[PDB]
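Q: Take a look at the following structure, please.
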Amino acid sequence: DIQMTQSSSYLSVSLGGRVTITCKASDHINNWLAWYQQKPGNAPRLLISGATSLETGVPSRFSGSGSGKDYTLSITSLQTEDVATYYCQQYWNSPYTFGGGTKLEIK
Amino acid sequence: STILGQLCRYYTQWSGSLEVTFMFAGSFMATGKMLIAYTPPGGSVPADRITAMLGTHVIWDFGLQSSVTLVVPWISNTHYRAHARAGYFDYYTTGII
Amino acid sequence: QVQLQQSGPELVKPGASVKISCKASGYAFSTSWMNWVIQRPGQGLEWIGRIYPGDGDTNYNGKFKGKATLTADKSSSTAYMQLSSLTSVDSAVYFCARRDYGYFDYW
Amino acid sequence: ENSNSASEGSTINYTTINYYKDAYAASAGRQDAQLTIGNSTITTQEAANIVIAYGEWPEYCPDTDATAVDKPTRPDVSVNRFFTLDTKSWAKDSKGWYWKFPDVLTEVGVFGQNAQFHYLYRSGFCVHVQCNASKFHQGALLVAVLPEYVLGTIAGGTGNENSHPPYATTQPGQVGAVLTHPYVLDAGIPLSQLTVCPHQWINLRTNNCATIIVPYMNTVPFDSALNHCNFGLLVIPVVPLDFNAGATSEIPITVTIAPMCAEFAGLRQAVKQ
Amino acid sequence: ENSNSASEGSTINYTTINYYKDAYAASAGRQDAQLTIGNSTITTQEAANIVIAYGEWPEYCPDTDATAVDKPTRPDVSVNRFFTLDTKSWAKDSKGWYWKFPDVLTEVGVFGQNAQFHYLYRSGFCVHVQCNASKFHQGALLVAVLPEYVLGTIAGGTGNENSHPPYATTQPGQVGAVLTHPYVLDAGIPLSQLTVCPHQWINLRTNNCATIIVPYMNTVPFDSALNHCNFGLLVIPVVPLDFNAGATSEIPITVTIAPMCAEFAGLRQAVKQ
């Protein structure tokens, strides 16, 4: 039972800017985290694996970074297809604790 | 990088069994086990562990031992081996560790 | 390619049981784990349990330990999730994913 | 008094009175470390001492009990060696796994191929289990050998239905199978009595390995390797491993096995199952 | 005078004067029936006496010449036995067939499977040919053993093109291959000189069978069974069989072979070719 807090729930940035979303856990996860993207009515989609490396088919605008217990997700720039609810996962220990989630909107 | 290969390049035909030693520089309280296998000539890089185990292998532990020595046996058709180079010269290849 | 095909929606009165099908395609069914994820509308998300089709073992969570039962069939390459004692709070969206490097690669 | 009786093949003597010519119609009467096998080797420095099952070493079939007229093959190097299997990831609710010998190695190596071309099979086995943990991990594993392990069925839970386990559960193959109700071992028998048979305890605070030498046990000297399973292997997490948050949650269980003193007979065509 | 020379490993002695410290720089000097093998047996009552190739019997590799440190397997019963091949229908214009040992048995039996799992190979062979005919049939067959039989190519007939025979002709497999120009044997060498090597004549008026025992001949004690072909087998209808109308026109040619004293080494993965 490792509680991982994702704050805040709602934040808004306009297009062409930069957005930062923080996902923090209770203990050291050894840099094992997976960022997700879920559009309404659809299934989640993987973006970042291991807080650093990318996937195949994902654009290079998504760049994850972090150290210790604080991990961030930087998206530049922002487009109309990148607006969705983002998640973070801890696969270091069982059970796997999913993040609270952050819903993005335009300001 | 080893002095064995450097002095071996002065010579053409070599023979005898070799040895490879691993050293564990990790922490004292970190444990685990490794499988170090040697594939006779003719095999490629094994895809899984069930393929590599078919040859000569050794099991070793981290905690109470700091080193492991894999003795490479002498398996050859000829008493001597010329240096194996690319293409036509792959006939002299010793194996894969 | 790898495709995961679930069943359609279900409607049943409280007190009965329901079985949900998930069928993998284009990949070895018994080689990798098969997970399950519940999403409670709309803000809740958490992990349920996994199953390894080769052996058939099941790894559950603390809350879903007694409620859900996971089975698998190697012949049809299909995973099953059986729910018992259905209540009003047990109605949510269920996911079927696989584990590779410890994350969920395909949903 | 001809010797037809059942007790006349043992080394113990009994006194009995018999009024007929057959001795079976008579009465009862007074009663009176580093292991290198073949091309493979292992060194276990954390392991407890080797437990010999029933205090007997595997050996070749003597000519006294051998009923076969064929001269058997003894491929010492290509048959008897350490065979490493897949690793089983441990979890807190893990119920344990079981393998059926000698059905695991039928698809692997020279041992598996010659087993398909030969009708008669006799060999001894070497059981070895590997589970690694650190000083912050507390757990216990029970590795036991039960000869003639028969799988039962819950019969739907009611008991009025007649059903038998399929070939997938009775013959798990190399990957193995998982227990359903470890308390009865799906034999309907208690788990607390499993230690009557040869067993070894794996305690993560002391011994992370186990070694058990099981010889050939059957009512017949040679037997078909494909149909008949000699004994099963049970790795049961009696004490669930406990670890706090931040520790490594992936604990593998590695099981490597080797045959000892294998003899094959009845060279025939290719037979899978 | 150190002994570095090439002639100092034989049993013959030579006298030579040398003005240096190396003996290879010196001068020349004065110069000075029923066969039961394994699980299979054969009885040949019409056959001529067995012809031993080069007057030596197949035997195990001695430790003097053995350069391998591994301990080899000797599956006596599952390896060495009579292997019967497909029959070749004879015709008047038939040019003859040839097989490449030990490439024929690579797909057959335990011998073929262990050959794929072992890098080093040494064994002796037993060649047997069967051609049946009646008293009204007149013909002659030449069964010879030529070590290191290399296939040539006509080079398109002009001679200015460089071409090599493919793997299908150089490695015919179990079925074998047919000769193109039997006069040169596709080696560019005369057929009349083929009897210099071990040979046996099959004359349908006397002997309908042939037996030739060929030991292991190579510059190396062990060698790869897949790539290197030791010797070929030639069944050449020198004298065309003649028969009048009404006689049976189907004359089969049966070739059965067996290994002798096989030793395998270098247990490895599965390697087809």
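Residues are named by chain letter and number: chains run A, B, ... in the order of the structure tokens, numbers start at 1 in each chain, and ligands are numbered from 1 in the order shown.
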Hey, what's within 12 Å of residue 56 (chain A) if we count only C-alpha atoms and toss same-chain stuff fewer than 2 positions away? As a list in words, please?
A: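 The neighbour list is residues 45, 46, 47, 48, 49, 53, 54, 58, 59 and 60 of chain A; 105 of chain C.
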Q: Take the residues that were just selected and, keeping N, CA and C atoms, output them as a PDB file, in the first residue's frame.
A:
```pdb
ATOM      1  N   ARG A  45      -3.811   5.478 -23.039  1.00  0.00           N
ATOM      2  CA  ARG A  45      -2.710   5.264 -23.968  1.00  0.00           C
ATOM      3  C   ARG A  45      -1.398   5.597 -23.276  1.00  0.00           C
ATOM      4  N   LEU A  46      -0.417   4.709 -23.414  1.00  0.00           N
ATOM      5  CA  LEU A  46       0.878   4.894 -22.776  1.00  0.00           C
ATOM      6  C   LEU A  46       1.666   5.993 -23.478  1.00  0.00           C
ATOM      7  N   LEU A  47       2.382   6.795 -22.692  1.00  0.00           N
ATOM      8  CA  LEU A  47       3.245   7.848 -23.206  1.00  0.00           C
ATOM      9  C   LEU A  47       4.685   7.705 -22.738  1.00  0.00           C
ATOM     10  N   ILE A  48       4.927   7.821 -21.435  1.00  0.00           N
ATOM     11  CA  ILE A  48       6.261   7.724 -20.859  1.00  0.00           C
ATOM     12  C   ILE A  48       6.372   6.397 -20.123  1.00  0.00           C
ATOM     13  N   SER A  49       7.522   5.740 -20.260  1.00  0.00           N
ATOM     14  CA  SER A  49       7.802   4.491 -19.564  1.00  0.00           C
ATOM     15  C   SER A  49       9.122   4.626 -18.823  1.00  0.00           C
ATOM     16  N   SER A  53      12.306   7.272 -20.848  1.00  0.00           N
ATOM     17  CA  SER A  53      12.263   6.783 -22.219  1.00  0.00           C
ATOM     18  C   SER A  53      10.880   6.964 -22.836  1.00  0.00           C
ATOM     19  N   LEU A  54      10.861   7.091 -24.159  1.00  0.00           N
ATOM     20  CA  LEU A  54       9.637   7.269 -24.925  1.00  0.00           C
ATOM     21  C   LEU A  54       9.161   5.937 -25.494  1.00  0.00           C
ATOM     22  N   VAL A  58       4.771   7.740 -30.429  1.00  0.00           N
ATOM     23  CA  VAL A  58       4.492   8.928 -29.627  1.00  0.00           C
ATOM     24  C   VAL A  58       5.360  10.071 -30.140  1.00  0.00           C
ATOM     25  N   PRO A  59       4.818  11.277 -30.298  1.00  0.00           N
ATOM     26  CA  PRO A  59       5.640  12.403 -30.754  1.00  0.00           C
ATOM     27  C   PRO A  59       6.679  12.789 -29.713  1.00  0.00           C
ATOM     28  N   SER A  60       7.673  13.548 -30.170  1.00  0.00           N
ATOM     29  CA  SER A  60       8.778  13.967 -29.319  1.00  0.00           C
ATOM     30  C   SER A  60       8.440  15.181 -28.464  1.00  0.00           C
TER      31      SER A  60
ATOM     32  N   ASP C 105       1.122  -2.298 -21.683  1.00  0.00           N
ATOM     33  CA  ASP C 105       1.486  -1.886 -23.033  1.00  0.00           C
ATOM     34  C   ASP C 105       0.256  -1.671 -23.908  1.00  0.00           C
TER      35      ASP C 105
END
```
Q: DSSP on the backbone: which residues in chain C end up as strand (DSSP E)? Give the answer as an MDAnalysis selection string.
A: chainID C and resid 3:6 18:25 33:39 46:51 58:59 68:73 78:83 93:99
Q: Would you mind exporting N, CA and C atoms of the selected residues as a compact mmCIF listing (two decimals), in the first residue's frame?
A:
```txt
# COMPACT_ATOMS: atom_id res chain seq x y z
N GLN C 3 -4.16 -7.29 -30.53
CA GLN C 3 -5.50 -6.75 -30.36
C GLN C 3 -6.19 -7.44 -29.19
N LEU C 4 -6.85 -6.66 -28.35
CA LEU C 4 -7.60 -7.17 -27.21
C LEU C 4 -9.08 -6.87 -27.44
N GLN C 5 -9.89 -7.93 -27.52
CA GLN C 5 -11.31 -7.81 -27.82
C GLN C 5 -12.11 -8.26 -26.61
N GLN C 6 -12.91 -7.35 -26.06
CA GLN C 6 -13.78 -7.65 -24.94
C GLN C 6 -15.19 -7.95 -25.44
N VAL C 18 -21.75 -12.32 -13.06
CA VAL C 18 -21.50 -11.94 -14.44
C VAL C 18 -20.08 -12.36 -14.81
N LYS C 19 -19.90 -12.77 -16.06
CA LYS C 19 -18.59 -13.17 -16.59
C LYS C 19 -18.27 -12.29 -17.79
N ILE C 20 -17.05 -11.77 -17.83
CA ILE C 20 -16.60 -10.87 -18.89
C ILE C 20 -15.43 -11.51 -19.62
N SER C 21 -15.48 -11.49 -20.95
CA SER C 21 -14.50 -12.14 -21.79
C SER C 21 -13.50 -11.13 -22.35
N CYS C 22 -12.23 -11.56 -22.39
CA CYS C 22 -11.17 -10.77 -23.02
C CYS C 22 -10.32 -11.73 -23.84
N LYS C 23 -10.19 -11.46 -25.13
CA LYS C 23 -9.50 -12.36 -26.05
C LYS C 23 -8.33 -11.64 -26.71
N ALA C 24 -7.12 -12.11 -26.44
CA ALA C 24 -5.92 -11.59 -27.07
C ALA C 24 -5.75 -12.18 -28.47
N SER C 25 -5.06 -11.43 -29.32
CA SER C 25 -4.82 -11.86 -30.69
C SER C 25 -3.47 -11.34 -31.16
N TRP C 33 1.51 -11.85 -18.62
CA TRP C 33 0.42 -11.66 -17.67
C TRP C 33 -0.75 -10.94 -18.32
N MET C 34 -1.93 -11.11 -17.73
CA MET C 34 -3.15 -10.44 -18.19
C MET C 34 -3.79 -9.76 -16.99
N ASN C 35 -3.85 -8.43 -17.01
CA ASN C 35 -4.33 -7.65 -15.89
C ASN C 35 -5.80 -7.26 -16.08
N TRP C 36 -6.34 -6.58 -15.07
CA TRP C 36 -7.69 -6.05 -15.10
C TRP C 36 -7.72 -4.75 -14.32
N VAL C 37 -8.47 -3.77 -14.82
CA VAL C 37 -8.51 -2.43 -14.24
C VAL C 37 -9.96 -1.96 -14.21
N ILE C 38 -10.37 -1.39 -13.07
CA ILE C 38 -11.69 -0.82 -12.90
C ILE C 38 -11.57 0.70 -12.86
N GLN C 39 -12.49 1.39 -13.54
CA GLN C 39 -12.57 2.84 -13.51
C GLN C 39 -13.96 3.22 -12.99
N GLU C 46 -8.37 2.22 -10.44
CA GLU C 46 -7.50 1.37 -9.64
C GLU C 46 -7.34 0.01 -10.32
N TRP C 47 -6.31 -0.71 -9.91
CA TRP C 47 -5.95 -2.01 -10.45
C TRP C 47 -6.67 -3.13 -9.69
N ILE C 48 -7.07 -4.16 -10.43
CA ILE C 48 -7.86 -5.27 -9.89
C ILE C 48 -6.99 -6.49 -9.61
N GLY C 49 -6.56 -7.19 -10.65
CA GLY C 49 -5.79 -8.40 -10.47
C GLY C 49 -5.23 -8.87 -11.80
N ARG C 50 -4.28 -9.80 -11.70
CA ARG C 50 -3.59 -10.35 -12.86
C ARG C 50 -3.66 -11.87 -12.84
N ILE C 51 -3.39 -12.47 -14.00
CA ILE C 51 -3.40 -13.92 -14.15
C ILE C 51 -2.34 -14.30 -15.17
N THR C 58 -3.47 -16.59 -9.82
CA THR C 58 -4.13 -15.29 -9.76
C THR C 58 -3.56 -14.48 -8.61
N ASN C 59 -3.30 -13.20 -8.88
CA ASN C 59 -2.81 -12.27 -7.87
C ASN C 59 -3.85 -11.15 -7.75
N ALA C 68 -13.88 -10.94 -6.85
CA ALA C 68 -13.59 -11.32 -8.23
C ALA C 68 -12.80 -12.62 -8.28
N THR C 69 -13.01 -13.38 -9.35
CA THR C 69 -12.28 -14.62 -9.60
C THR C 69 -11.86 -14.64 -11.06
N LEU C 70 -10.57 -14.86 -11.29
CA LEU C 70 -9.98 -14.80 -12.63
C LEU C 70 -9.63 -16.20 -13.10
N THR C 71 -10.03 -16.52 -14.33
CA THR C 71 -9.69 -17.78 -14.98
C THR C 71 -9.20 -17.49 -16.39
N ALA C 72 -8.56 -18.49 -16.99
CA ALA C 72 -8.00 -18.34 -18.33
C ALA C 72 -8.10 -19.67 -19.07
N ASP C 73 -8.14 -19.59 -20.39
CA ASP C 73 -8.21 -20.76 -21.26
C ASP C 73 -7.13 -20.64 -22.32
N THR C 78 -8.23 -16.76 -24.37
CA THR C 78 -9.24 -15.88 -23.82
C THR C 78 -9.15 -15.88 -22.30
N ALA C 79 -9.27 -14.71 -21.70
CA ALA C 79 -9.27 -14.55 -20.25
C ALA C 79 -10.66 -14.18 -19.76
N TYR C 80 -10.98 -14.65 -18.55
CA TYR C 80 -12.30 -14.46 -17.97
C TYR C 80 -12.18 -13.75 -16.63
N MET C 81 -13.20 -12.95 -16.31
CA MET C 81 -13.31 -12.30 -15.01
C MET C 81 -14.73 -12.52 -14.51
N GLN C 82 -14.87 -13.22 -13.39
CA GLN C 82 -16.17 -13.56 -12.82
C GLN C 82 -16.37 -12.74 -11.55
N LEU C 83 -17.48 -12.01 -11.49
CA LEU C 83 -17.82 -11.20 -10.33
C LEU C 83 -18.97 -11.83 -9.57
N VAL C 93 -16.58 0.82 -15.23
CA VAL C 93 -15.97 0.44 -16.50
C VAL C 93 -14.75 -0.42 -16.21
N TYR C 94 -14.65 -1.56 -16.90
CA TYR C 94 -13.59 -2.53 -16.68
C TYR C 94 -12.64 -2.54 -17.87
N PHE C 95 -11.35 -2.68 -17.59
CA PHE C 95 -10.30 -2.71 -18.60
C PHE C 95 -9.58 -4.05 -18.59
N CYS C 96 -9.04 -4.41 -19.75
CA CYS C 96 -8.24 -5.62 -19.91
C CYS C 96 -6.92 -5.22 -20.56
N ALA C 97 -5.82 -5.40 -19.83
CA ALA C 97 -4.50 -5.02 -20.30
C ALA C 97 -3.51 -6.13 -20.02
N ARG C 98 -2.34 -6.03 -20.66
CA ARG C 98 -1.27 -7.00 -20.50
C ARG C 98 -0.04 -6.31 -19.92
N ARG C 99 0.80 -7.10 -19.25
CA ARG C 99 2.01 -6.61 -18.60
C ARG C 99 3.22 -7.13 -19.36
```
Q: Near chain A, which residues of chain C fall within 8 Å when you count only C-alpha atoms, and what do they look like as a ChimeraX atom specification?
A: /C:43-47,61,102-107
Q: Return as a list in words the residues belonging to chain B that are within 8 Å of chain D, counting only C-alpha atoms.
A: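 The complete set of qualifying residues is residues 29, 30, 31, 32, 33, 50, 53, 54, 55, 56, 57, 58, 59, 60, 61 and 64 of chain B.
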Q: Can you tell me which residues surround region 183-198 of chain E at a distance of at most 6 Å, considering only C-alpha atoms, apart from same-chain residues fewer than 3 positions away, and format the answer as a list in words?
A: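 Returned residues: residues 53, 144, 145, 151 and 152 of chain E.
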Q: With N, CA, C and O atoms retained, could you export that selection as a CSV table (one decimal), in the first residue's frame?
A:
```csv
chain,number,residue,atom,x,y,z
E,53,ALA,N,37.7,-52.0,-46.0
E,53,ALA,CA,38.4,-50.9,-46.7
E,53,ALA,C,39.7,-50.6,-46.0
E,53,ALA,O,39.8,-50.3,-44.8
E,144,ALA,N,31.8,-48.8,-55.2
E,144,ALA,CA,33.1,-48.3,-54.7
E,144,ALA,C,32.9,-47.2,-53.7
E,144,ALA,O,31.9,-46.5,-53.6
E,145,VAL,N,34.0,-47.0,-52.9
E,145,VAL,CA,34.0,-46.0,-51.9
E,145,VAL,C,35.2,-45.1,-52.2
E,145,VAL,O,36.4,-45.5,-52.1
E,151,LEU,N,32.3,-32.8,-56.2
E,151,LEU,CA,31.5,-32.6,-57.4
E,151,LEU,C,32.0,-31.5,-58.2
E,151,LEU,O,32.3,-30.4,-57.7
E,152,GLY,N,32.2,-31.7,-59.5
E,152,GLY,CA,32.6,-30.7,-60.5
E,152,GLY,C,31.4,-30.1,-61.2
E,152,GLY,O,30.2,-30.4,-60.9
```
Q: Taking only C-alpha atoms into account, which residues of chain D are within 7 Å of chain E, as an mmCIF file with C-alpha atoms, in the first residue's frame?
A:
```
data_model
loop_
_atom_site.group_PDB
_atom_site.id
_atom_site.type_symbol
_atom_site.label_atom_id
_atom_site.label_comp_id
_atom_site.auth_asym_id
_atom_site.auth_seq_id
_atom_site.Cartn_x
_atom_site.Cartn_y
_atom_site.Cartn_z
ATOM 1 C CA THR D 73 21.629 -47.249 -23.656
ATOM 2 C CA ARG D 74 23.531 -45.104 -21.140
ATOM 3 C CA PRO D 75 24.163 -41.663 -22.695
ATOM 4 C CA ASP D 76 25.848 -40.327 -19.559
ATOM 5 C CA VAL D 77 26.791 -36.844 -20.792
ATOM 6 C CA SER D 78 23.842 -36.015 -23.082
ATOM 7 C CA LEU D 267 13.879 -48.369 -29.446
#
```
Q: Skipping near chain neighbours, those fewer than 3 positions away, what residues fall within 6 Å of residue 4 (chain A) using only C-alpha atoms, listed as a PyMOL selection string?
A: chain A and resi 24-26
Q: Could you make a table, as JSON lines, of the residues of chain A that have an atom within 7 Å of an atom of chain D, each with its nearest atom pair and distance in Å to one decimal, counting only C-alpha atoms, in chain and number order?
A:
```
{"residue": "A:2", "atom": "CA", "partner": "D:245", "partner_atom": "CA", "distance": 6.6}
{"residue": "A:27", "atom": "CA", "partner": "D:246", "partner_atom": "CA", "distance": 6.0}
{"residue": "A:28", "atom": "CA", "partner": "D:246", "partner_atom": "CA", "distance": 5.9}
{"residue": "A:29", "atom": "CA", "partner": "D:246", "partner_atom": "CA", "distance": 6.7}
{"residue": "A:93", "atom": "CA", "partner": "D:249", "partner_atom": "CA", "distance": 5.3}
{"residue": "A:94", "atom": "CA", "partner": "D:249", "partner_atom": "CA", "distance": 6.8}
```
Q: As number ranges by chain, please: the residues near residue 119 (chain E) (cut-off 9 Å, only C-alpha atoms, same-chain neighbours under 3 positions excluded).
A: B: 40-42, 75-76; E: 115-116, 222-226, 264-268
Q: Give me a file of those residues, with C-alpha atoms, as a JSON list (two decimals), in the first residue's frame.
A:
```json
[["chain", "number", "residue", "atom", "x", "y", "z"],
["B", 40, "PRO", "CA", 29.93, -24.69, -28.35],
["B", 41, "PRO", "CA", 30.62, -23.61, -31.95],
["B", 42, "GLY", "CA", 27.71, -23.63, -34.38],
["B", 75, "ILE", "CA", 36.51, -28.15, -28.06],
["B", 76, "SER", "CA", 38.09, -28.30, -31.50],
["E", 115, "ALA", "CA", 24.29, -35.19, -34.58],
["E", 116, "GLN", "CA", 22.41, -31.88, -34.46],
["E", 222, "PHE", "CA", 36.67, -35.25, -34.61],
["E", 223, "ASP", "CA", 34.88, -33.10, -37.19],
["E", 224, "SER", "CA", 31.51, -31.47, -37.81],
["E", 225, "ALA", "CA", 29.01, -33.96, -39.22],
["E", 226, "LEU", "CA", 26.81, -31.34, -40.93],
["E", 264, "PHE", "CA", 29.76, -37.40, -30.07],
["E", 265, "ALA", "CA", 31.05, -34.31, -28.29],
["E", 266, "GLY", "CA", 30.28, -30.64, -27.73],
["E", 267, "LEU", "CA", 26.66, -30.81, -26.60],
["E", 268, "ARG", "CA", 24.98, -27.68, -27.95]]
```
Q: Hey, what's within 10 Å of residue 11 (chain B) if we count only C-alpha atoms and toss same-chain stuff fewer than 4 positions away? As a list in words, please?
A: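 With the cut-off at 10 Å, the set is residues 5, 6, 7, 82 and 83 of chain B.
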Q: Write to file, as a compact mmCIF listing (two decimals), in the first residue's frame, the residues of the selection just made, with N, CA, C and O atoms.
A:
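Printed below is out_3.txt as written:
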```
# COMPACT_ATOMS: atom_id res chain seq x y z
N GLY B 5 45.13 -11.60 -25.29
CA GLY B 5 44.91 -11.36 -26.71
C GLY B 5 46.02 -10.55 -27.36
O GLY B 5 46.38 -10.80 -28.51
N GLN B 6 46.58 -9.58 -26.63
CA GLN B 6 47.66 -8.77 -27.18
C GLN B 6 48.89 -9.62 -27.49
O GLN B 6 49.46 -9.49 -28.58
N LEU B 7 49.31 -10.47 -26.56
CA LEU B 7 50.40 -11.41 -26.84
C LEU B 7 49.98 -12.52 -27.79
O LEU B 7 50.85 -13.13 -28.42
N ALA B 82 43.86 -21.33 -35.90
CA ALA B 82 44.27 -20.04 -36.44
C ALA B 82 43.26 -18.97 -36.04
O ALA B 82 42.11 -19.26 -35.69
N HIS B 83 43.70 -17.72 -36.08
CA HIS B 83 42.85 -16.60 -35.69
C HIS B 83 41.65 -16.50 -36.62
O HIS B 83 41.79 -16.48 -37.84
```
Q: Skipping near chain neighbours, those fewer than 4 positions away, what residues fall within 8 Å of residue 242 (chain E) using only C-alpha atoms, listed as a VMD selection string?
A: chain E and resid 92 137 to 139
Q: Between C:76, C:91, C:30, C:40, which has the minimum distance to chain D (counting only C-alpha atoms)?
A: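 Under the stated criterion, the closest residue is C:30.
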Q: Using only C-alpha atoms for the distances, tell me which of E:37, E:257, E:239, E:26 is nearest to residue 80 (chain E).
A: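 So, comparing all the options, the nearest one is E:37.
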Q: Taking into account only C-alpha atoms, which residue in the set C:54, C:85, C:28, C:10 is nearest to chain D?
A: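 Comparing C:54, C:85, C:28, C:10 against chain D, the winner is C:54.
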Q: Take CA of residue 22 (chain B) and CA of residue 48 (chain D) and report the distance between them in Å, one decimal.
A: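 A separation of 25.3 Å between them.
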Q: Find the residues of chain D that sit at most 12 Å from chain C; for each, write down the nearest two atoms and how far apart they are in Å, to one decimal. Count only C-alpha atoms. Sort by chain, then by number going up, and give it as a tab-separated table.
A:
```
residue	atom	partner	partner_atom	distance
D:86	CA	C:31	CA	11.1
D:87	CA	C:55	CA	11.5
D:88	CA	C:55	CA	9.4
D:89	CA	C:52	CA	10.1
D:90	CA	C:59	CA	9.5
D:91	CA	C:59	CA	6.8
D:92	CA	C:59	CA	7.9
D:93	CA	C:59	CA	6.1
D:94	CA	C:59	CA	6.8
D:95	CA	C:57	CA	7.7
D:96	CA	C:57	CA	8.5
D:97	CA	C:55	CA	7.9
D:98	CA	C:55	CA	9.4
D:99	CA	C:55	CA	10.4
D:168	CA	C:74	CA	9.5
D:169	CA	C:55	CA	9.3
D:171	CA	C:55	CA	11.7
D:172	CA	C:55	CA	8.1
D:173	CA	C:54	CA	10.0
D:174	CA	C:54	CA	9.9
D:175	CA	C:54	CA	6.6
D:176	CA	C:55	CA	5.9
D:177	CA	C:55	CA	4.3
D:178	CA	C:55	CA	5.4
D:179	CA	C:57	CA	7.9
D:180	CA	C:57	CA	8.5
D:181	CA	C:57	CA	11.7
D:249	CA	C:102	CA	11.6
D:250	CA	C:102	CA	10.5
```
Q: Record the distance separating CA of residue 103 (chain D) and CA of residue 236 (chain D), expressed in Å with one decimal.
A: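 Interatomic distance, CA of residue 103 (chain D) to CA of residue 236 (chain D): 20.1 Å.
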